[PDB]
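Trainee: Here's a structure for you.
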Amino acid sequence: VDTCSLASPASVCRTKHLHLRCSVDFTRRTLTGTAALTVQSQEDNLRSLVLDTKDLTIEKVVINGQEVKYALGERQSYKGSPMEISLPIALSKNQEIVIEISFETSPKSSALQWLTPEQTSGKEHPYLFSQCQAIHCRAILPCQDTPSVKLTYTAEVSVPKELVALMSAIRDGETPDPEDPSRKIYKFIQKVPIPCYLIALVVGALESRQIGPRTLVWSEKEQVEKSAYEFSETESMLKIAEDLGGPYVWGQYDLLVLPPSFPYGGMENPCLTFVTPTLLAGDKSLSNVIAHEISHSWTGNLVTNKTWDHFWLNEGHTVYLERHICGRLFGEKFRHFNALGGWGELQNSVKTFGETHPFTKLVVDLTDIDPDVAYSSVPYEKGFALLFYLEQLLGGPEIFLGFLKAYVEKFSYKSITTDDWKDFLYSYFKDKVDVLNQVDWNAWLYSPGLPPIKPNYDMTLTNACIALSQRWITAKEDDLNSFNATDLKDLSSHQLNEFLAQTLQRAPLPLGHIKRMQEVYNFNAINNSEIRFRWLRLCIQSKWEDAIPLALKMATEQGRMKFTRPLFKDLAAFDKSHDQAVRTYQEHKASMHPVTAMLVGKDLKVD
Ligand SMILES: OC1CCN(Cc2ccc(Oc3ccc(-c4ccn[nH]4)cn3)cn2)CC1
Ligand SMILES: [Yb+3]
Ligand SMILES: [Yb+3]
Ligand SMILES: [Yb+3]
Ligand SMILES: [Zn+2]
């Protein structure tokens with residue numbers, strides 16, 4: 001039933017375990033290894049199973065200790081290639097057989113990003129990291145690349161003795177390689193069933209420091225110190241999150257601070273989450289991105305989406321818990337401010353992509369469409385917009401959180417669709433069905449544009465941001481002298497970012513307005529990756545030539561697509577930077593991430 005896959009569905013075949021024995025050769029830029037898939041049959045007399053590949057070369061397929069005949073079909077863009085494996089002898093229902101595939105990756109694989117020592121914040125050692133979400137585990141190893149299949153895994157990775165190898169699992173051992181003395185083999189065990197898109201590897205000159213009874217923060221020697229401070233609230237957040245979903249059954253929770261290159265704020269990888277170094281502002285304000293990945297240990301890591309059309313079930317429900325952690329740490333005044341900010345981001349994505357556009361619906365049709373392209377603010381904020389509306393109809397926070405605690409409990413270790421969620425939303429609230437029936441279902445789930453109902457948000461914290469935003473938009477030439485550093489003497493870092501976000505929706509503003517802002521507030525001096533981003537966009541949209549060097553620099557400074565893609569598109573629209581925007585892309589294309597370079601290129605109209 002999964003459009004984004006070329007393999008046999010869960011109804012025909014199901015993978016139960018995976019044993020990965022590989023080596024990381026940085027000279028060759030490949031992942032030399034053998035994958036042992038303890039595959040189970042769900043049909044009587046199964047003669048052949050199909051698997052997902054992309055940029056792979058197979059040496060041999062070993063079943064029962066013998067070479068078997070395998071066939072690889074014709075390549076289909078982002079989906080990759082189907083790998084039909086002819087079985088030696090037919091399978092019965094629930095009959096488990098191991099398949100050892102001797103794969104070989106590509107140095108230009110869409111999942112892995114190979115780093116030159118110069119690209120790292122160590123300058124003396126190389127770095128390697130993956131990103132299997134959504135359809136990129138096929139670019140690492142041949143498997144049933146579908147979130148309709150949850151599997152366990154045990155792994156052994158051979159890397160040089162001078163490096164540290166880490167996976168999305170709990171570590172077991174540490175011993176040197178037998179037929180390579182300059183190498184060390186690291187063991188990883190994942191007893192908890194997890195889909196292939198959540199499997200991740202990271203190798204490099206890493207170092208760890210404890211920040212609580214179950215957390216380890218991983219980054220290079222000269223990045224550990226501020227990593228310990230910025231995410232020091234993780235232990236307290238986890239204790240709060242447990243009273244929202246249930247027990248934390250993963251053993252250890254770790255944070256891994258990636259090099260700038262990483263294209264996402266955070267990735268929900270179990271036992272070892274993936275975070276961007278841009279989160280480090282030094283004040284602990286970007287801590288909500290940690291609250292999002294903690295919340296993912298319940299939604300996405302326990303209750304996973306069966307197909308990618310139902311992705312909103314992951315992020316949307318996670319944004320609810322993320323704001324609830326912040327709404328138990330900083331109050332309901334903050335939870336409502338963030339929820340109001342969410343609609344704001346949603347408005348920006350709906351106006352950009354288009355109102356009647358297909359990728360603005362909550363359940364979209366990913367037939368002949370790449371999920372990495374269709375990624376926007378719709379499954380995050382529109383998915384939350386639904387939940388917050390339901391909450392303000394069925395009761396309140398305590399009542400709706402009670403539904404989610406039962407929801408995680410009901411579909412734990414399982415892969416579900418939007419149809420499965422709506423049944424439980426009607427089964428849990430079996431007495432408040434009258435309220436549930438008032439809700440237009442086709443308008444929130446299958447219709448494009450803004451949702452038909454805008455919920456009620458507490459404007460207590462948000463009003464100040466709007467007051468200062470409206471002050472600038474309404475201001476004339478003579479009015480600009482009224483603005484002083486006094487203006488933001490009470491506005492917080494989140495409120496300063498909200499003011500910039502509100503102004504950017506009404507951008508471009510006169511060039512004199514922008515110039516004045518820097519003369520009194522000094523927005524260039526700030527090191528907050530969220531504040532700096534919107535401010536740079538505001539100048540480039542308003543045609544400020546002084547901002548061109550800074551705007552280009554921020555896009556090369558980091559790899560997060562939340563900030564790089566807007567910048568490179570902004571400078572492409574702006575006449576005095578259109579050439580530089582293109583020139584920087586092609587000169588930095590080699591150093592870029594295979595996902596970052598792919599999406600930026602299309603937005604710049606470059607092949
Ligand atoms: O923190 C996370 C951030 C995102 N991933 C990468 C990623 C990209 C796309 C994706 O698949 C999608 C996205 C949106 C929709 C959709 C449905 C209705 N509208 N839009 C459907 N499928 C899944 N993962 C990395 C870690
Ligand atoms: Yb052990
Ligand atoms: Yb039902
Ligand atoms: Yb005036
Ligand atoms: Zn997420």
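Letters for chains follow the order of the structure tokens (A, B, ...), residue numbers begin at 1 for each chain, and ligand numbers begin at 1 in the order shown.
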Determine which residues of range 126-262 of chain A DSSP labels as strand (DSSP E) from the backbone of this structure, then write them out as a VMD selection string.

Mentor: chain A and resid 127 to 129 151 to 160 164 to 167 170 to 176 183 to 194 201 to 204 207 to 210 215 to 219 253 to 257

Trainee: List as a count of residues only the protein and nucleic acid residues lying within 6 Å of ligand 1, with only C-alpha atoms and all ligand atoms counted.

Mentor: 20

Trainee: Could you tell me how far atom 1 (Zn, counted along the ligand's line) of ligand 5 sits from CA of residue 318 in chain A, in Å to one decimal place?

Mentor: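 Atom 1 (Zn, counted along the ligand's line) of ligand 5 lies 7.1 Å from CA of residue 318 in chain A.
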
Trainee: Please list as a PyMOL selection string every residue within 9 Å of range 84-96 of chain A, counting only C-alpha atoms and excluding residues in the same chain fewer than 2 positions away.

Mentor: chain A and resi 7+15-16+38-51+61+63-64+68-73+82+98

Trainee: Please, could you write that set of residues out with N, CA, C and O atoms as a compact mmCIF listing (two decimals), in the first residue's frame?

Mentor:
```txt
# COMPACT_ATOMS: atom_id res chain seq x y z
N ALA A 7 9.63 -2.47 -2.95
CA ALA A 7 9.68 -3.77 -2.29
C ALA A 7 8.30 -4.45 -2.23
O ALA A 7 7.32 -3.89 -2.72
N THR A 15 10.11 -8.00 7.38
CA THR A 15 11.47 -8.15 7.93
C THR A 15 11.35 -8.07 9.46
O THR A 15 10.65 -7.19 9.98
N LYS A 16 12.00 -9.00 10.18
CA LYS A 16 11.93 -9.03 11.64
C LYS A 16 13.23 -8.60 12.33
O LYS A 16 13.16 -8.03 13.42
N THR A 38 16.86 -11.22 8.61
CA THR A 38 16.08 -12.35 9.14
C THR A 38 14.59 -12.13 8.77
O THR A 38 13.73 -11.92 9.62
N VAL A 39 14.32 -12.19 7.46
CA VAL A 39 13.03 -11.95 6.82
C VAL A 39 12.02 -13.09 7.05
O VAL A 39 12.37 -14.28 6.96
N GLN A 40 10.76 -12.71 7.35
CA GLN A 40 9.62 -13.61 7.59
C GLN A 40 8.60 -13.50 6.44
O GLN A 40 8.38 -12.41 5.92
N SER A 41 8.00 -14.63 6.06
CA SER A 41 7.01 -14.67 4.98
C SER A 41 5.58 -14.58 5.54
O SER A 41 5.28 -15.24 6.54
N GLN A 42 4.71 -13.79 4.88
CA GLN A 42 3.31 -13.62 5.29
C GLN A 42 2.32 -14.19 4.26
O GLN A 42 1.12 -13.91 4.33
N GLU A 43 2.83 -15.03 3.32
CA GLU A 43 2.08 -15.69 2.24
C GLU A 43 2.56 -17.14 2.06
O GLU A 43 3.75 -17.41 2.24
N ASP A 44 1.65 -18.05 1.67
CA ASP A 44 1.99 -19.46 1.43
C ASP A 44 2.65 -19.65 0.06
O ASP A 44 2.15 -19.12 -0.94
N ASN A 45 3.76 -20.43 0.01
CA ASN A 45 4.57 -20.74 -1.18
C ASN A 45 5.17 -19.47 -1.83
O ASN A 45 4.94 -19.20 -3.02
N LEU A 46 5.94 -18.70 -1.04
CA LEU A 46 6.61 -17.48 -1.50
C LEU A 46 7.92 -17.85 -2.20
O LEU A 46 8.84 -18.36 -1.56
N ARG A 47 7.97 -17.63 -3.53
CA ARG A 47 9.11 -17.99 -4.37
C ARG A 47 10.13 -16.86 -4.55
O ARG A 47 11.29 -17.16 -4.85
N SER A 48 9.71 -15.59 -4.38
CA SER A 48 10.60 -14.43 -4.52
C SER A 48 10.14 -13.19 -3.76
O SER A 48 8.95 -12.87 -3.74
N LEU A 49 11.10 -12.50 -3.14
CA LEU A 49 10.86 -11.25 -2.41
C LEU A 49 11.65 -10.10 -3.06
O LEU A 49 12.78 -10.30 -3.50
N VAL A 50 11.03 -8.92 -3.13
CA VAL A 50 11.64 -7.73 -3.73
C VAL A 50 12.08 -6.77 -2.61
O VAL A 50 11.40 -6.67 -1.58
N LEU A 51 13.24 -6.12 -2.80
CA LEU A 51 13.81 -5.16 -1.84
C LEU A 51 14.16 -3.83 -2.52
O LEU A 51 14.25 -3.76 -3.74
N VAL A 61 24.47 -12.73 -2.92
CA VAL A 61 23.35 -12.89 -1.99
C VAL A 61 23.48 -14.31 -1.44
O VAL A 61 23.47 -15.28 -2.21
N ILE A 63 21.99 -17.13 1.02
CA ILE A 63 20.84 -17.71 1.73
C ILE A 63 21.15 -19.19 1.98
O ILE A 63 21.48 -19.92 1.04
N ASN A 64 21.08 -19.61 3.26
CA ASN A 64 21.36 -20.98 3.75
C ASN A 64 22.83 -21.40 3.55
O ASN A 64 23.16 -22.59 3.70
N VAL A 68 22.76 -17.20 -4.45
CA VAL A 68 21.45 -17.28 -5.12
C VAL A 68 21.34 -16.27 -6.28
O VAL A 68 22.09 -15.29 -6.32
N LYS A 69 20.39 -16.51 -7.21
CA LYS A 69 20.16 -15.65 -8.37
C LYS A 69 19.24 -14.46 -8.05
O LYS A 69 18.06 -14.63 -7.75
N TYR A 70 19.81 -13.24 -8.12
CA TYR A 70 19.16 -11.96 -7.85
C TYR A 70 19.08 -11.11 -9.11
O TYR A 70 20.01 -11.12 -9.92
N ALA A 71 17.98 -10.35 -9.27
CA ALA A 71 17.77 -9.49 -10.43
C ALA A 71 17.36 -8.07 -10.03
O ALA A 71 16.42 -7.90 -9.24
N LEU A 72 18.07 -7.07 -10.56
CA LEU A 72 17.80 -5.66 -10.29
C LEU A 72 17.14 -5.01 -11.50
O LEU A 72 17.68 -5.04 -12.60
N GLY A 73 15.95 -4.45 -11.27
CA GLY A 73 15.16 -3.80 -12.31
C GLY A 73 15.69 -2.45 -12.76
O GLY A 73 16.77 -2.02 -12.34
N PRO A 82 14.26 -1.72 -7.96
CA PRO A 82 13.76 -2.90 -7.23
C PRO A 82 14.71 -4.09 -7.37
O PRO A 82 15.22 -4.35 -8.46
N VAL A 98 17.06 -16.14 7.00
CA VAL A 98 18.08 -15.10 6.93
C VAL A 98 18.57 -14.95 5.48
O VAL A 98 18.63 -15.95 4.75
```

Trainee: For residue 287 in chain A, which residue among A:164, A:494, A:534, A:488 is the nearest when counting only C-alpha atoms?

Mentor: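 Among A:164, A:494, A:534, A:488, it is A:494 that comes nearest to residue 287 in chain A.
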